[PDB]
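Undergrad:
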Ligand SMILES: CC(=O)N[C@@H]1[C@@H](O)[C@H](O[C@@H]2O[C@H](CO[C@H]3O[C@H](CO[C@H]4O[C@H](CO)[C@@H](O)[C@H](O)[C@@H]4O[C@H]4O[C@H](CO)[C@@H](O)[C@H](O)[C@@H]4O)[C@@H](O)[C@H](O[C@H]4O[C@H](CO)[C@@H](O)[C@H](O)[C@@H]4O[C@H]4O[C@H](CO)[C@@H](O)[C@H](O)[C@@H]4O)[C@@H]3O)[C@@H](O)[C@H](O[C@H]3O[C@H](CO)[C@@H](O)[C@H](O)[C@@H]3O[C@H]3O[C@H](CO)[C@@H](O)[C@H](O)[C@@H]3O[C@H]3O[C@H](CO)[C@@H](O)[C@H](O)[C@@H]3O)[C@@H]2O)[C@@H](CO)O[C@H]1O
Ligand SMILES: [Ca+2]
């Protein structure tokens with residue numbers, strides 16, 4: 046009887062927990078491959094030694110969440126359920142006064158004292174892990190448990206991402222949970238014969254000026270992602286070999302670490318055919334795209350790995366035996382479509398609408414559409430390329446939906462930002 050451990054609320058082996066209050070309650074669930082017998086038993090425990098193994102495997106440095114803040118019900122004993130081939134125990138995570146903001150802590154949980162009828166294949170199957178972030182002060186985008194969330198791309202060539210702050214509900218909450226700096230590029234470094242991250246001068250300016258133009262968003266609870274995009278040479282996000290994907294994933298994670306960002310969006314577009322003789326490249330395919338997503342999540346497991354569903358970026362649901370739910374946090378679709386889940390993903394990881402704010406296509410976040418997306422179980426609505434000059438049209442496309450999603454409509458904007466300028470100007474007076 047093979048067993049493994051995962052978070053019961055999410056069914057994820059590796060679960061990022063954002064604390065918005067003093068406690069967070071879930072279950073830890075042991076899955077069994079066969080119906081258990083009357084004597085089958087197991088417990089769970091915090092396994093601090095496994096954190097060293099985990100940090101080494103991922104080249105990360107997460108600190109151990111204070112154990113005194115984590116409590117299991119029932120002495121950590123798993124209640125075995127023969128009918129669902131599983132066993133669970135309640136786990137509570139308390140927010141602590143010794144915690145540092147903008148730091149990820151780890152709770153490695155292990156199966157322990159299991160009965161002799163249970164087989165645990167490896168140390169990965171023995172453990173699940175919670176990656177805990179205290180977000181109590183980064184609350185301004187948090188609109189509630191289980192609500193739909195916003196995902197917004199800025200064309201940073203033209204528009205300052207501080208304009209995220211122009212979008213609030215009437216109750217003062219910020220609309221857009223996640224924003225993308227669209228976009229850094231993948232390009233060939235001919236002199237080195239390898240792919241590299243290549244940043245245009247507009248992208249580079251934001252990174253250089255991260256403290257004033259990007260970190261104020263993160264202070265308010267907005268996740269800031271680096272967009273990655275193909276860029277008219279032999280390299281592309283769906284045509285890296287296994288080694289090329291490992292190398293590029295390491296570079297992307299270094300950008301997110303160096304600049305204190307929250308993850309990436311991958312958009313497989315505008316690349317040319319690869320040079321198949323280059324050991325960093327391979328045939329363009331969803332298998333290569335999935336490999337890159339998987340390797341990027343392994344290099345930054347606490348951060349978001351997200352894809353635009355375009356080109357060959359999305360569709361393979363397993364890499365090295367690991368399901369896509371573990372390494373695709375959000376998938377957003379092309380304007381006019383809804384994203385769909387693969388593997389054990391649900392529609393909570395999918396956009397139900399994508400709105401092209403610059404060209405007009407893709408529909409509106411109306412009361413009717415909001416209700417439709419909730420009824421369908423979608424987790425996200427996506428928008429692309431808003432600009433202060435078009436706020437009239439943009440905000441007309443956000444009426445009614447906020448009342449359905451949050452009990453509070455989107456408010457008319459009163460602030461906007463000019464490119465590369467940190468000053469919140471008055472909208473529309475300063476236009
Ligand atoms: C998610 C998601 O939505 N994903 C995608 C998303 O990508 C789409 O977004 C649009 O993408 C298209 C395509 O972008 C890519 O290609 C362009 C063009 O690349 C080619 O030309 C370059 C030379 O000019 C070459 O360097 C390059 O190799 C390509 O060459 C081929 O083709 C040319 C001929 O065109 C041949 O000569 C070549 O030989 C070869 O065949 C490219 O510019 C883009 O890359 C830039 O932007 C991305 C981010 O978007 C960055 O990551 C890149 O680093 C890069 O930026 C840097 O370089 C550029 C120069 O290329 C610098 O200007 C910049 O400062 C950086 O340094 C992509 O690779 C785009 O065309 C769309 O752009 C328009 O909209 C955006 C806003 O959304 C504007 O910011 C932008 O200015 C464009 O706006 C014009 O068009 C709009 C209508 O489409 C209109 O609303 C605007 O008002 C404006 O229109 C006015 O000007 C027009 C002339 O430009 C004029 O014709 C018109 O009448 C108006 O007067 C947009 O980004 C979206 C779309 O919904 O969906 C998905 O597909
Ligand atoms: Ca705060």
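Numbering (the entry's author numbering), first residue to last: 46 to 476. Quick reminder that beta carbons are idealized off the backbone N, C-alpha and C, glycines included.
Write down every uninterrupted run of the alpha helix (DSSP H) in the stretch 230 to 291 whose length is 4 residues or greater and which is fully enclosed by it, in chain order.
TA: List check, alpha helix (DSSP H) in window: 246 to 253, 255 to 258, 260 to 264.
Undergrad: Distance, Cα to Cα, residue 234 vs residue 312?
TA: 20 Å
Undergrad: DSSP on residue 113, reduced to helix/strand/coil?
TA: helix
Undergrad: Could you check if residue 216 belongs to the surroundings of ligand 2, using beta carbon to heavy atom distance under 6 Å?
TA: no
Undergrad: I'd like the ranges of any alpha helix (DSSP H) spanning at least 4 consecutive residues and lying wholly in the stretch 320 to 365.
TA: 331 to 344
Undergrad: Between residue 255 and ligand 1, is the CB less than 6 Å from at least one heavy atom?
TA: no
Undergrad: Any residue with its C-beta under 6 Å from a non-hydrogen atom of ligand 1 counts. Can you list them all in chain order?
TA: After applying the 6 Å Cβ criterion, the set is 198, 200, 202, 203, 227, 228, 230, 245, 246, 247, 274, 276, 277, 312, 314, 315, 353, 401, 403, 404, 429, 430.
Undergrad: Less than 6 Å between the CB of residue 182 and some heavy atom of ligand 2, yes or no?
TA: yes
Undergrad: Residues in the same chain with beta-carbon distance under 6 Å from residue 449, minus the five sequence neighbours each way, listed in chain order, please.
TA: 412, 415, 416
Undergrad: What residue ranges within the stretch 383 to 461 form continuous alpha helix (DSSP H) runs of no fewer than 4 residues, ordered along the chain?
TA: 412 to 420, 436 to 441, 446 to 451
Undergrad: Suppose only complete runs of 4+ residues qualify. What are the alpha helix (DSSP H) ranges in the stretch 99 to 183, listed by chain order?
TA: The stretch 99 to 183 contains these whole alpha helix (DSSP H) runs: 168 to 171.
Undergrad: From what residue to what residue does the beta strand (DSSP E) around residue 89 run?
TA: 88 to 91
Undergrad: Could you give the distance in angstroms between the alpha-carbon of residue 255 and the alpha-carbon of residue 153?
TA: 32 Å
Undergrad: Can you tell me which of the three DSSP states residue 58 falls into?
TA: coil
Undergrad: Verify whether the separation of the beta carbon atoms of residue 93 and residue 75 is less than 7 Å.
TA: no
Undergrad: In angstroms, rounded to a whole number, what distance separates the CA positions of residue 65 and residue 325?
TA: Residue 65 and residue 325: Cα-Cα distance of roughly 42 Å.
Undergrad: Within the continuous beta strand (DSSP E) that includes residue 74, where are the two ends?
TA: 68 to 77
Undergrad: Looking only at its own chain, which residues have a Cβ that is under 8 Å from the Cβ of residue 158, when we skip the five neighbours before and after it?
TA: 86, 87, 88
Undergrad: Between the alpha carbons of residue 392 and residue 339, how many angstroms are there, rounded?
TA: 20 Å
Undergrad: Flag residue 174 as yes when its Cβ comes closer than 6 Å to any non-hydrogen atom of ligand 4, and as no otherwise.
TA: Looking for ligand 4 in the displayed structure turns up nothing; the ligands present are ligand 1 and ligand 2.
Undergrad: Mind reading off the beta-carbon distance from residue 40 to residue 364? Whole number of angstroms is fine, and I expect it under 8 Å.
TA: Since the first residue shown for the chain is 46 and the last is 476, residue 40 is missing from the structure and cannot be characterised.
Undergrad: According to the neighbour-count rule (16 or more other Cβ atoms, all chains shown, within 10 Å of its Cβ), is residue 310 buried or exposed?
TA: buried
Undergrad: On a CA-only basis, which of 372, 106, 131 is nearest residue 163? Give me that one, please.
TA: If we check each option's Cα against that of residue 163, 131 comes out closest.
Undergrad: Give the straight-line distance between the Cα atoms of residue 217 and residue 183, rounded to the nearest whole angstrom.
TA: 14 Å
Undergrad: Could you please give the first and the last residue of the uninterrupted beta strand (DSSP E) stretch that includes residue 376?
TA: 375 to 378
Undergrad: Please name the residue in 431, 49, 343, 252 whose C-alpha comes closest to that of residue 133.
TA: Looking at the Cα atoms, 49 is the closest of the given residues.
Undergrad: Looking only at its chain, what residues have a beta carbon closer than 8 Å to the beta carbon of residue 333, apart from the 5 residues adjacent to it on each side?
TA: 283, 284, 285, 286, 290, 327, 357
Undergrad: For residue 212, which option in 476, 251, 128, 428 has the closest C-alpha, if you only look at C-alpha atoms?
TA: 428
Undergrad: How many Å lie between residue 275 and residue 315 at the Cα?
TA: 5 Å
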